[PDB]
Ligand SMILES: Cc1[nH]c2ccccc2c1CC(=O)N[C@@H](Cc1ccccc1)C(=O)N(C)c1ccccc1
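Just one chain follows, in the form solved without the named molecule, and it is written as structure tokens.
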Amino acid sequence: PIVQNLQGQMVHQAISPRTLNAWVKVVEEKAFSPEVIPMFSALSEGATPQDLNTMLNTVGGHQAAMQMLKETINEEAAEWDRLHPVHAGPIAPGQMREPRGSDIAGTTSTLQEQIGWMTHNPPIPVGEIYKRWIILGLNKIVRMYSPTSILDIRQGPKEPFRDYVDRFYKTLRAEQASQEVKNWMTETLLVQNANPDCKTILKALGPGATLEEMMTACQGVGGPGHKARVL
């Protein structure tokens, strides 16, 4: 996309086909995985709403669900319209048309225009905002894929603390409320959801006990394998 050259002049450039295929590729195996969210952003570095839109557009398969995201984007754009394009709606002539919500999606902007409002006048990160919307949509997506609820998380005596923790964290990643809530719930559930046999050892850990200490001790008792069994 637009990148500052040695001279520093930003020049539009086509996305690396390799990257393109890779984006779809990571999705191929981990289409709904949460780790994708950061990844998309990473792949979205320096992305332009147009080419960027293309990246999502290029994606297929489960994308039917993504269509929902398309709507989500539309929704963010809708609110956005009220938030910024509506800041003035009609504006005085002689200046680049402020990015309207439609323009943000790039549905109503020329590549040159996108580049123009983006770097000509004070830096306009249509991509960041648009992407910001996307990440939220993705936030909803991982939730869509969410197979279980934190409450549904429970370790069996035959089950490993590793899977419990892993899945717990796995769900935790998809968990809504921040550590403010998450930590509180996590602290209680770490012990409560845990299986009885390991729970004995976890109980032994008692209050405090960092997850590390817990993992270390659990490891000592073979808790991440099945339960308090040495291994």
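Residue positions are given as counts along the sequence shown, with the first one as 1.
Unshown form solved in complex with the named molecule; subsequent notes refer to it.
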Which listed residue (118, 105, 153, 129) meets the criterion of a heavy atom within 4.5 Å of the named molecule in the entry with it bound? 105
Are any of the heavy atoms in residue 56 no more than 4.5 Å from a heavy atom of the named molecule in the entry with it bound? yes
Report yes if any heavy atom of residue 173 sits within 4.5 Å of a heavy atom of the named molecule in the entry with it bound; otherwise report no. yes
Considering non-hydrogen atoms and a 4.5 Å limit, does the named molecule approach residue 169 in the entry with it bound? yes
The named molecule contact in the entry with it bound: residue 63, any heavy atom under 4.5 Å: yes
Of the candidate stretches 120-128, 155-163, 84-92, 68-76, the one with residues having heavy atoms within 4.5 Å of the named molecule in the entry with it bound is 68-76
